[PDB]
Every structure is written in structure tokens, then in C-alpha cells.
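What follows is a single chain, given as C-alpha cells, in the form deposited in one PDB entry.
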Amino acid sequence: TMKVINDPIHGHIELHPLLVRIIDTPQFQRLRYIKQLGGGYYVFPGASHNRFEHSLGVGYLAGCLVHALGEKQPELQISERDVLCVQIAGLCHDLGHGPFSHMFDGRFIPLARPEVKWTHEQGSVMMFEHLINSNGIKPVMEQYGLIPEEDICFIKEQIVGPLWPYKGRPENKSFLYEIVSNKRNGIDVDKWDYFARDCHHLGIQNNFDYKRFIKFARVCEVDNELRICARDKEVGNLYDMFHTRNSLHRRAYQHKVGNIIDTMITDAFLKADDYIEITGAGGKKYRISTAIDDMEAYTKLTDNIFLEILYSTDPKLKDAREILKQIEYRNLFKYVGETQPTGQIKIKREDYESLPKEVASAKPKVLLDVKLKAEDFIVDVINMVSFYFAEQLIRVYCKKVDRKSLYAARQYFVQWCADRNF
């Protein structure tokens, strides 16, 4: 029957039997062992939470918002079927996350397989489909009044993106396609849950109260179409929310130590590739960078690889183990410097691999006692309204920490940075 679950951020959360049956599966339970902040744990010791609670809270918030909108305006004709669909769509919106959350799909894939464009939302939808097919959820959905043929496509459109290109639901229910994921302005339950959880656990003060926003929720006919909006006196609250997210990003998400630790972890993983085998269906052996193509082999791809490399004994993982130990002793790669936003031409996804080669290839005018190779430079790339903006940061890090190497490495930056017109 109805299941009550505790949550430090929110209160007691009720779970529909369908959601309870969905959670109790290996595919969703796998989220217990993936970290919300990934590499930010080693810089904020008090941040050690996973995606399980994040998904639960996102689903709860989406359900609450949909129920409030439905009750406050009975003529929109929102049925419990839509409520179940939105809740299930908000529960399974992060199933595709790899190890260390954003670090995997942001920094490991491009340096491993440049010819495949992959974002974790496609992984999420594939994992959701595999879960539904394997666990036999469809009969239950039919039992509870949900139509699999339409509902599955509606959920898929809710998770990933697409004169109405959507086919899950008719155009008169447009607002339902923004509650979980909003592609137009960037306001939905998901960012609210990030803000709340990060502020609570990390230890930062907050400014945005989502309940006040929920109170003044109306579905107007703005833009010759149905659309969510905010009351005319909510400008201050909206700008406060924007300032809160910007402050969170600057204070936590872009810390020097977090990014450097992520960089060394990624280097260790890349060097350790082609030696760890994960068995999928039929005994097929996949590598770390090729396991996405098979979901059963991808399920066993969690944060355990870090410890598997760390405690490995075979001589084939010598360098990766060495790099992990370097991380452990708190003797990190030395920070070199930063360059103003690239500006004008933008760095493409598949350009990451070539960047270190160009820096080494640059020949500084001054004389350098020590010659640097293409493996001595690692570069980190960071990407930054009804009331009825982006930049790229590039950082360069050097493995060697000796005085001579830093001075020799510094000359490469000045010569290369000026040459590329940053």
C-alpha cells in the first residue's frame, strides 16, 4: 500500500505503489553508489550524498507541483494518469549518470571516443526502457490505468527533448512538458532540488523558497499558447534565485581543488583502460569506454572502479595505482594559470584531445632548460519569463611540480596563449 519515506530536506514523502515497485530494482538501486558531487567530496568532507535521494525528491516535487496546478484550476482537466506519468518521468531522469556524476560524460568520453556524441539523458532513456522491459512493469502500468503505448512515449519525451513535434500527448497539455525539464528558460523542480540539497549538506546559506513560488502558480495563455508563468511581484524572488545559483556555482562547483582532483582521476581512468573487463550479456567483455553500448554491462559501472584500481595488485595497473596514491597523499598537480574566456570561436567537444599537443608543440622565444613533451600538459575546460549569458573557461595544469618544470611549463603558456588569440 502507500509507503512513507523520510527525507531530511523535505518532510515525509508518500510513494505510489507503482513508484515503489519501480524503485526496488537493480537498475534504480545502482544509484546508491554514485555521488551527487563526484569529485567535490575530497574538497568538502561533509558532502557525501548520492543520486537516490535526488531522484526521489525530484519526483516528489514534480508530483506536488502538478497536483497544485491541477487543483487550483479544475478546468484544465488534469487526470491522475498525467500525475503518474510526470512522477515516473521525474523519478528516472538521472538513471544514465556514470561514475562521479557529471565528470564521466563531461571529461572522460571526449578524451576516449571522440567519434561518438553522448549525453547522459540518452543513457537515462535507454536505461529506463531496459528497466521497463526487463522488470515487467508494463502489466502493472496497465493495471493502474496507464496506457503503455502512449505513456511510455510521453515519459520519454519528458526526459529527453523532441507544428507540435511531440506525439505523446495533444498540444492542449503543453505545460506538462516543462514541469520536469524546461528547455526554454531553465526553471523546474530539478534545479530546486539541487539548490536545496547542496545548500543543506554542503553548509551554504540559501535565499530561495520554492513554496512561495508554488503558491503563485497559474497557467495562462501567454505567447498564444498555454504556459507556466509567475506573478508580477516575483521579480525579486526570481533574481534572488538566479543570484543563489550563481553563488553556488562559483563557490562550490568550480573550485580549484575539485577540478584538479577530477582531472587526475580522469587521467588515471584513461591510463587504466583496456585492462578492466566488465561482462555483459552472452559473456561479451567490454572496456570502460565501450560499456555504454550494453546496458547490463553498464550497470556494473559505478564508483567501485576507483577502488578496484586502487587496491589492484597486477603489474598492468602500475601507473593508475600510482596516480591514485598521489591523489591520496595530497600531492596534486601544480596549478599553472588561467586564461580569460576563449571568446568568439567556441571550443568544440572533440577538440579536447588535440589541445595538450598544441601547447607542447609551441616553441617559446625564451630558452628553456627542460624540454616538455605532449604528456606534460593537462587542460581543463569549463562551460559557463512570463510575469503576468555563457562563456568557456580553460585551465592548464602540469603533472611535474618541480621548480624547473613550472618555469619551463610557464613559457609554453605565454607563447601558446598569445598564438591562439585568447
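In this text, residue numbers run from 1 along the sequence as written.
- In all of the other compared structures of this protein with flanking residues present, residue 43 is modelled, so it falls below the one-third mark for missing coordinates.
- Across the other compared structures of the same protein with both neighbouring residues present, residue 372 carries coordinates in every case, with no third of them leaving it out.
- A chain break between residue 341 and residue 342 is not present, all residues of the deposited sequence in that interval being modelled.
- Unmodelled residues of the deposited sequence between residue 384 and residue 385: 10 or more.
Keep in mind that the form deposited in another entry is not shown, yet the notes after this line are about it.
- Listed options 106, 294, 361, 332 include one hinge residue for the rigid-part rotation between the shown form and the other one, namely 332.
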